[PDB]
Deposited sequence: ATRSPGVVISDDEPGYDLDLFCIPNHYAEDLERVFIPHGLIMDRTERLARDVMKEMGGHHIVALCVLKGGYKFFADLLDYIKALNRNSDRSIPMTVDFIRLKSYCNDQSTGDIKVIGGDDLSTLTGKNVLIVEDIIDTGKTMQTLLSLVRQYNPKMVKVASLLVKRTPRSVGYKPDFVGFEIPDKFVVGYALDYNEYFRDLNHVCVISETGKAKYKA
């Protein structure tokens, strides 16, 4: 699956119907992917990952900063699987930040599960695989919460995708605009005024 496909004409949800931090009132336009939906999709993602990988030991690789929330949850759903079955893939965790250079011999001969928040141009993820592959892992797969439909796309496809979204600017669930909106659990769309108020 290309994930849950969200279409260009997806209206999303009025912010008045949800519980949203008062400080981001005028800063968002719509709720775009309810936190809940992100959980439900993630649950299925974790099963899909377990079907494909466990399998063997896994080194779960979290791409900070925007990846931390998906990573956390996904792992929790995996852990939930590891403790209600015979199928118990043991798993160590690791962290990288990519500002495009890194901030790893552990990966050598390992099954690595890269966990990212969003692929847009796919440039970041190409930089990541090449860096990682230099450490000769056994296998490498990518999980991305979001994959943008974009002309800018070189066309790297993640192994695991939560949602396929338009090229709107979305925030929340650890996806930031200039370090803001991470403290929000739904994925939402900035307002013009939000883009302006928090411009760097």
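Undergrad: Going by C-alpha coordinates, which parts of the deposited sequence are missing from this model?
TA: Unmodelled stretches, in sequence order: 1 to 3, 103 to 112, 117 to 120.
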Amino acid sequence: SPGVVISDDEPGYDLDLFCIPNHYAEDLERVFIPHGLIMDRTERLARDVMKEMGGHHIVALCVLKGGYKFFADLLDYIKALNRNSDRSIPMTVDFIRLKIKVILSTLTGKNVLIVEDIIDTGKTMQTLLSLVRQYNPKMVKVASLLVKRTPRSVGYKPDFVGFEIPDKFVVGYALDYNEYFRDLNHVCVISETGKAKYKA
From here on, numbers count along this sequence of modelled residues.
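Whichever C-alpha set is largest while still superposing within 1.5 Å between the two forms counts as the rigid core.
Undergrad: Rigid core fitted first, then name the stretch among 31 to 39 and 62 to 70 whose C-alphas deviate most from the displayed form in 7 other deposited structures of this protein.
TA: When 31 to 39 and 62 to 70 are compared in 7 other deposited structures of this protein, 62 to 70 lies farther out.
Undergrad: So if we fit everything on the core, which stretch drifts more in 7 other deposited structures of this protein, 162 to 170 or 148 to 156, C-alphas only?
TA: Higher root mean square deviation of C-alphas in 7 other deposited structures of this protein is shown by 148 to 156.
Undergrad: Specify whether residue 100 falls into a modelling gap in a third or more of the other PDB entries of this protein.
TA: Residue 100: unmodelled in at least a third of the other compared entries.
Undergrad: Determine, for stretches 123 to 131 and 72 to 80, which one has the higher mean CA B-factor as deposited.
TA: Between 123 to 131 and 72 to 80, it is 123 to 131.
Undergrad: Averaged over C-alpha atoms, is the B-factor higher for 8 to 16 or for 173 to 181 in this PDB entry?
TA: Taking the mean C-alpha B-factor of 8 to 16 and of 173 to 181, the larger value falls to 8 to 16.
Undergrad: Which one, 115, 102, 112, 118, has the peak C-alpha temperature factor per the PDB entry?
TA: In the PDB entry, the greatest C-alpha B-factor among 115, 102, 112, 118 is found at 102.
Undergrad: Tell me which of 155, 162, 67, 34 tops the list for C-alpha B factor in the record.
TA: Of the options given, 155 has the highest CA B-factor in the PDB entry.
Undergrad: What third of the chain does residue 43 rank in for C-alpha temperature factor, lowest, middle or highest?
TA: Bottom third by C-alpha B-factor.
Undergrad: Once the chain's modelled residues are ordered by C-alpha B factor and cut into thirds, is residue 145 in the lowest, middle or highest one?
TA: Within its chain, residue 145 is a lowest-third residue by C-alpha B-factor, going by the deposited values.
Undergrad: Sorting the chain's modelled residues by C-alpha B-factor, tell me whether residue 59 ends up in the lowest, middle or highest third.
TA: Middle third of the chain for residue 59's C-alpha B-factor.
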